[PDB]
Ligand SMILES: *[C@@H]1O[C@H](CO)[C@@H](O)[C@H](O)[C@H]1NC(C)=O
Ligand SMILES: *[C@@H]1O[C@H](CO)[C@@H](O)[C@H](O)[C@H]1NC(C)=O
Ligand SMILES: *[C@@H]1O[C@H](CO)[C@@H](O)[C@H](O)[C@H]1NC(C)=O
Ligand SMILES: *[C@@H]1O[C@H](CO)[C@@H](O)[C@H](O)[C@H]1NC(C)=O
Ligand SMILES: *[C@@H]1O[C@H](CO)[C@@H](O)[C@H](O)[C@H]1NC(C)=O
Ligand SMILES: *[C@@H]1O[C@H](CO)[C@@H](O)[C@H](O)[C@H]1NC(C)=O
Ligand SMILES: *[C@@H]1O[C@H](CO)[C@@H](O)[C@H](O)[C@H]1NC(C)=O
Ligand SMILES: *[C@@H]1O[C@H](CO)[C@@H](O)[C@H](O)[C@H]1NC(C)=O
Ligand SMILES: [Ca+2]
Ligand SMILES: [Ca+2]
Ligand SMILES: [Ca+2]
Ligand SMILES: [Ca+2]
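Chains as they are written, first to last, in the deposited numbering: chain B, 3 to 391; chain C, 3 to 391; chain A, 3 to 391; chain D, 3 to 391.
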């Protein structure tokens, strides 16, 4: 192949069309489907795949008991053909661990998995199916990364990683990879106070990462990365439309340079947005408290305008159904003259919200932009929890 | 590859030989087989595949309960290697939705899935494995399409779609795609009064679609499409041999220009015919009332002669067994100097005819033409419903 | 590719080494393994595959009940990667039917399946994955063919087919195929009185088929086919070592030109031999009455010497275990200067010999020649029938 | 491809990073996973695969009963994509038997399986997927080989095999293969007193095999092989750090030229080391008595210095968990200027240590060297044996 260069702008988006849905929990009620969480999608020149962190057991298996827990030696990053549900028979092991990112540079895939004990974790960086670089924890407190795809440009693939408290100031770094080797590392700079779980996309030779502040803000940090110069800046999303969970009600003015506090009971969830002037879209859970529902809001100049509000709206998952993490991806190899925004929603089933079962797992739904004004309906998980009792 | 051009005539057919049978319900009694309905086949230069609309569950799974229902967020168009039964392990997700068509232009496959709410559904058109076009509902009442393969000629792949009432006049359009993009759209014209579920095939640079009139006629509408001029005409199958279900008795004279009414209790079923002067074959269910049995009748000049009758007869599924939808396909890439007709029959098991189970699904049988005079037997589903009680 | 020509002689064989074993019944006690019978193997330039006639159900499925029966619309020829057990997930459907043969001509595979009712069955001949020729029953009584591989030479692949009584004179024909088209058909001629289930191999531009006389002989018929001249002759295997089942004791003299009668209670079983002068090997069941045990006997000049006996002996399946059909195959594309003989044994389990279960199925073992004098042990099926009760 | 030449030295190793983990026993509690033991890994130019000896049954199947037994006609060497668990659906049968080795020469894979009765076993040597050579037992007492990968150089792939007593002097040979054909055979020479189960790796045009003395020594034999001259020498690992199991306490001085006796109750376990001057690493079970736990010890000049001790430690499996066999492999086709050491640990579950179940099987974990000083945690099997009772 040839290296991906982010030469195209973003496509105009007026609504979202269905891309894929795996129905993994419905199917997994009776087929051999593995337990997962923290899914995402990532494309390459030959097609798009689903990704997630396995828990090393099937959904109906006795080892599904206790899968609310996030980190163990039995987790792995696995990928599979888009739309299928993940089984022990159709999944490729990308790397071993409990926090991950992956992206394709046009020639080969880079996958990163972090594993080990909380006080001394390590990333193993794979390129082209081999391991090539290892990175020790720098702060001794749950070294962790994006939980969705990275983005490459001219062979440089920046990745955002954090080590340190989840509830206080941490140590975040931007690592610039080439063939899975470190070309440059930067300490986080700018106004973002805390960085977790960045959802990133590229357009017009720049990468934007929309992340989770788990310490203070209900507004999301935004890291802007120049992959050719290998530099970054950070701020908060300016818009008054708040998109973390938990969050307070939308205030009259957002904040660019500082967190907006508030919300109960949880400090954060992975999410995303596409920031392109008038062509800007913010995703968020419908509930301001819980990971329930999911909606897309078109918010012109969300990135720069503190009073920017929504001019259009699409419900992706109604508020009577559980959502979860969400993130950005793009098919950078599509036959279009612009890069078309896509996103996924993790549809979490089981604990803590559904305590009648002993497990936690998820299914996936993914959508991409349309220039049309399409009708829509809810793409919820669809499984009956009673069937699992 | 190279673009398919429909340069060949149809082959002479004197009987039908067995092509494939998946035995899906027998196998699915104990293996992990997904619930489907609305199956078909479609070929490409490398081989032929089975296609159908999944229900997002396995046959033995608890979520099989309730699958009589036609439209949900859990359905998708899936394809698999011809002859296998469809499982979560061997199926490719073509697109997401509850009404579909698919065809190959010699270079790439186009697959179309319609999804969303009845009052605001949308088609997503995929080409080469990517989404390329979206079409919103134009009449706000269950946007829907062929449920068997489309046909391509010189890169133009016409598709018949309907939006509007199932029991009254609707809005049908002929959409001419190239690389999944719309080149032309036409409103239905001609004598056909209602168009559903067209079964199409190509020969000598023309495409014929034999459809289902769900409003009035027990004779089938025929849409004739010229793919290079991107124009069409429509009328009814002239023959007194009536081939919808339900239908009345075959009258003394058919009708070319109007529906022949009658039949109880059902308004229609998807079906097909091959219309080629003396070399013409009509399929229909054996029962005039119910989707039971299936027979092929050789009816010379069926397309044009209101007094045409059967000169030969093959029972495909005996009338002590359930059939279902039926449709046309051809392997346009065969090593023959003519295009040989093929068809499938959907073998529906479970509800509503078999109410001892909670689910509805099917298996598939497919046959192609022979110039020989072959013996034959019934190719029914073969599952024992008592085993599922 | 390039056409296979039978330019090499047979390899010297002094003992037999293990090639493959699928353990299908053992595995199928808990995994999704399909019920089969009449297995065989066949190679192509890329590798060797296993083949068999499916019954359209898994072994543990309720539809395994009644699989003692030989002919149904639910049977298919399937192939899979050598050594795996056949499941709904790893098997390729070659053609649909209840009697089959298949061979690769160096460029593409020809597969033939016969289906239909006993009085009007038909063969469908596939080449390169596509059906190309159909053959109607010529005698109205179970048209049937080899149940192991055919052999090709310079693009010509002869096949032996029989139509007519199983217990009286029948009508056998040798059909010479090219790209699955009939180039020539001959009626059986020579001294063989009844021909079933031929096991064929090629060497030095000639093909030999060792068959089953189900009418009279306990000695096996041998059809010698010249593929370039498209002619054949037939006789009986001359040796006194009788190799049908059931059979009487080996007499002081065999017969070349007529059947040796005797044996109780069964009229025949599919089997094979390699006939190469001093380098000749005969397979047979160990039991003279039942399909129990399996042994190889080196019988120099078996083909021509009525007094030939065994000079060496290898037990393949001990006589405390069930065997079944057996047949010849060769990897004609190996990197050797001679063609090495291989064979398989079908290890039949269930009915009629094991009536505590409701099903009949088999596993497979395959071996090839060695010039070494290797040690050996029994390669019996290995499943515990008590586990299935 | 091109022949692999061992032109590179070993990479510097200061700690070990996780490469793969299949979690086979956790998954196999409910999915169709085959029972195995004696696993390893081996790479080729396209990637790395897991290998092991199947027992011809699934873990949950009733035929899992009795799998503590090591040799049967139902075992085979199978391979699968690294990281997946082994099922009947994702495994390639390499050859049939109960002792194996496999390695890739840059062009094709050589796989060797031994089968047959204890007094008359035979090796079948496969190359490029075909059988090419057979080797009869030379001493009539359990002909057996490495149970981990061989190593190739310039098309020569030496393999160590033993025939004879497990508890007294045996007859070991070094067999030099090229395209699976024997180029040279040597009787074992040098100071090693008993050789089993060698773990081999290549560097700087030489091969080192670290084996198991089952007769006398708790120190491990080391065979040094020159693949281009096709010669070898043998001695013992000099270091006082003893790495067989069972073993006594580490003494003040090791022994180069003789076994160190002692230890209770078991005579040996397969193991490995990387011997590269200062860059030397030894693995062993943590327990001196039992196959429990696993640790890596960096022991400079372990190969030459009888007083060499550990300068660094990493626990791979804690001593509250079962281990098993362990062995060396390297991705010789990696994009590095050195060959990086890797190893696996077999994690044995069930009998004899866990007698609440009727079966014996394992999962696998594999790690490779890092120049970093990484943190670490235990990579134990992770299955709950209570779930299987
Ligand atoms: C992207 O740019 C790089 C130089 O930075 C170039 O080598 C590569 O060919 C480009 N990729 C394509 C697809 O043009
Ligand atoms: C689930 O795991 C918990 C904690 O390890 C244990 O106490 C409980 O018995 C398990 N429950 C089941 C149903 O296996
Ligand atoms: C079919 O016609 C198209 C366009 O007219 C041409 O480009 C193509 O090569 C033709 N196909 C073949 C197989 O010749
Ligand atoms: C089937 O679905 C109906 C409707 O939701 C439900 O009430 C019923 O209990 C279900 N039956 C079973 C056996 O799950
Ligand atoms: C075999 O002979 C055929 C026809 O006699 C010839 O065309 C072909 O080239 C030969 N095949 C090989 C592999 O030499
Ligand atoms: C097996 O099939 C026979 C014959 O159809 C039937 O009478 C019997 O009920 C079946 N047994 C089981 C256990 O399904
Ligand atoms: C390894 O050496 C062999 C023979 O000495 C040579 O033919 C081969 O090309 C070499 N391999 C590479 C990758 O250069
Ligand atoms: C396990 O196998 C043993 C040995 O043959 C047998 O005695 C026992 O009955 C078997 N147990 C089960 C539960 O099948
Ligand atoms: Ca927050
Ligand atoms: Ca009608
Ligand atoms: Ca006989
Ligand atoms: Ca020892």
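From the three backbone atoms N, C-alpha and C, an ideal C-beta is built for every residue, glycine too.
Quick check on residue i - is its C-beta less than 9 Å from some C-beta in chain D?
i                      : result
residue 264 of chain A : no
residue 339 of chain B : no
residue 19 of chain A  : yes
Could you check whether residue j and residue i sit closer than 9 Å to each other, using their CB atoms as the reference points?
i                      : j                      : result
residue 37 of chain B  : residue 63 of chain B  : yes
residue 123 of chain B : residue 377 of chain D : yes
residue 310 of chain B : residue 256 of chain B : yes
residue 352 of chain A : residue 362 of chain A : yes
residue 391 of chain C : residue 358 of chain C : yes
Give every residue of the same chain whose Cβ lies closer than 6 Å to the Cβ of residue i, excluding the five residues on either side of it in the sequence, and list them in chain order.
i                      : result
residue 429 of chain B : Past the edges of chain B, shown from 3 to 391, lies residue 429 of chain B, and the structure says nothing about it.
residue 4 of chain C   : 108
residue 313 of chain D : 300
residue 214 of chain A : 198, 199, 270, 272
residue 16 of chain B  : 373, 375
residue 10 of chain D  : 340, 341
residue 73 of chain D  : 100
With a threshold of 9 Å between beta-carbons, can residue i be considered close to chain B, or not?
i                      : result
residue 249 of chain C : no
residue 34 of chain C  : yes
Is the CB of residue i under 9 Å away from at least one CB in chain C?
i                      : result
residue 283 of chain B : no
residue 84 of chain B  : yes
Excluding five sequence neighbours on each side, which residues of the same chain lie with their C-beta closer than 8 Å to the C-beta of residue i?
i                      : result
residue 78 of chain C  : 55, 56, 58, 95, 96, 97, 98, 99, 115
residue 92 of chain A  : 82, 83, 86
residue 139 of chain C : 118, 121, 122, 123, 124, 145, 165
residue 320 of chain D : 288, 295, 380, 382
Using 9 Å as the limit for Cβ to Cβ distance, is residue i near chain A?
i                      : result
residue 91 of chain D  : yes
residue 204 of chain C : no
residue 376 of chain C : yes
residue 333 of chain C : yes
residue 59 of chain D  : yes
Within 10 angstroms of its Cβ, does residue i collect 16 or more other Cβ (buried), or is it exposed?
i                      : result
residue 24 of chain A  : buried
residue 148 of chain C : buried
residue 254 of chain C : exposed
Take residue i and list the residues in its own chain whose beta-carbon comes closer than 7 Å to its own, dropping the five residues that flank it on each side.
i                     : result
residue 29 of chain C : 35, 87
Secondary structure, beta strand (DSSP E): runs of 3+ residues fully inside the stretch 243-321 of chain D: Look at the stretch 243-321 of chain D and you find these whole runs of beta strand (DSSP E), each 3 residues long or longer: 283-286, 294-300.
Every unbroken beta strand (DSSP E) within the stretch 95-139 of chain D, with a cutoff of 3 residues, ordered by chain: Within the stretch 95-139 of chain D, the complete beta strand (DSSP E) segments of 3 residues or longer fall at 101-106, 111-117, 124-129, 132-138, listed in chain order.
Inside the stretch 160-242 of chain B only - beta strand (DSSP E) runs reaching at least 3 residues: If we require 3 residues or more, the beta strand (DSSP E) runs fully inside the stretch 160-242 of chain B come out as 173-180, 183-189, 198-205, 208-214, 223-228, 233-238.
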